[PDB]
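Before any questions on binding or motion, here is one chain by itself as structure tokens, the form deposited in one PDB entry.
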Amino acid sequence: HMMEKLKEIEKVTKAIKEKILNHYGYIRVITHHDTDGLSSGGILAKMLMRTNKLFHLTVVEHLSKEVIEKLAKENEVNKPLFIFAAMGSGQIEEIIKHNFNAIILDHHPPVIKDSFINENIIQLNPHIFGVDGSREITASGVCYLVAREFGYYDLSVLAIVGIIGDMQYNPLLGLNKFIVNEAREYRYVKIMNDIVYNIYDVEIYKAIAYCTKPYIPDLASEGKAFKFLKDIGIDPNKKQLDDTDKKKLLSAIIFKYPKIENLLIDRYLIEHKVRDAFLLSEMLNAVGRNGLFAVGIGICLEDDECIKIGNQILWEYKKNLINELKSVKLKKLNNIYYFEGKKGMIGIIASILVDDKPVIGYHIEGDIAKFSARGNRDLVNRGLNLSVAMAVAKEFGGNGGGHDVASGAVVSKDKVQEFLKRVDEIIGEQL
């Protein structure tokens, strides 16, 4: 039962609370640029301000050796307390080595399965308590568990954004279910079953044209969606589908595309200026993929100009993604598919294209190839573990890891094919 696990986690969250309250030097917050990472940053920014802590937040694309070494040089002068969100558990040995005063809030599989690592380091990792970081909690939800020690229940809305951004909303399980229920109880969220296209608050033909959940290639243009809606007697220019319009749209799509799934979703209407948590999730993703880290934090903190930028960037991103999806050249090996793509689109396209087999996208940035591998729950249940599969990057001079269902890696740009074959081989066995 999760309530028992939560009593055990509360021992770590109470200790983190005290470590934060009793620290009076610099505080450094390190997060990732994904929806969940940016949401974590927002939760922590609010929590720290409310507890009278000034802080310096840095967003990194990946917690590499090199980044850890650069951060470590800040320990010489005046040693900050470091708070790592969505990272640090895999890199724990480098963090012990540099002797950071650190709090690690991470849902990726842990290397050292201890909560209290030395005198200097606390690790809150749900896997340590048998909670699945791929299905039952996100980094934002770990951050929220700390925040709720101060009674900051309002920050639950950012955890919900993280649950959505990390694809842990269907089914809603574990601590994620607890968080949502706590938000509902404190009236920070209302839940409402609805069609996906209603979240966008734009003309429906555009909602349809640019939707990637589900992605319907035949309808993935303004002209084709407009015509589609015209043909079944929906006004394509309206911004919300009513009961009747929904009935007609669902029956028409399911007829023509009987495999399609998830047209109806449980919308989360949150206490935030961006009221639809699904839209906020997409917004944060888009800004994060555009390198607009501080804007993403501003959106979490409900700044009007940051939200205006977020809307603008969101729609540019979604249009660019449809274009990318149309031109991507998917290649088959034995157990996987892969593709070269643009930085910022690799992971999302891989998630969109997964059907029967893992998909791995990559992009070249200098002399190195960066990979995003995606599976699904079905594949993991049959034994997929991309964390282990992508780890084989070490044999080719690089490194990789992440979750069973989603992992990354880097290798030398000229070892692409070698790596992918070695991963293809590993994944074959796993399954």
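Start at 1 and count along the sequence shown; that's the residue number.
May I ask you to compare 33-41 and 372-380 by their mean CA B factor in the entry and name the higher one? Comparing 33-41 with 372-380, the higher average CA B-factor belongs to 372-380.
Given the B-factors recorded for C-alpha atoms, which segment has the greater mean, 115-123 or 308-316? Per the PDB record, 115-123.
Reading the B-factor column of the entry, which of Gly296, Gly151, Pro171, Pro236 has the highest value at its C-alpha atom? That would be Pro236.
Kindly indicate the residue among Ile352, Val77, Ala207, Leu321 with the greatest C-alpha B-factor in the PDB record. Highest C-alpha B-factor among the listed options: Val77.
Among all modelled residues of this chain, ranked by Cα B factor, put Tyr268 in the bottom, middle or top third, i.e. lowest, middle or highest. According to the entry, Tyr268 has a C-alpha B-factor in the chain's lowest third.
Relative to the other modelled residues in the chain, which third contains the C-alpha temperature factor of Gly223: lowest, middle or highest? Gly223: CA B-factor falls in the highest third of its chain.
Ranking every modelled residue in this chain by its Cα temperature factor as given in the entry, which third contains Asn335? Highest third, going by the recorded CA B-factors of the chain.
Chain thirds of CA B-factor: placement of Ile360: Its C-alpha B-factor belongs to the middle third of this chain's values.
Record-listed C-alpha B factor of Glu203: chain third: Tercile = middle for this residue's CA B-factor.
Not pictured, yet referred to below: the form deposited in another entry.
Using the better-fitting superposition for each C-alpha, decide if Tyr210 and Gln123 are in a common rigid part between this form and the one not shown. Yes: one rigid part holds both.
Mind checking the CA-CA distance of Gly408 and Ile299 in the other form? It differs by 3 Å or more from this form, so is it closer or farther? Their C-alpha distance grows by at least 3 Å in the other form.
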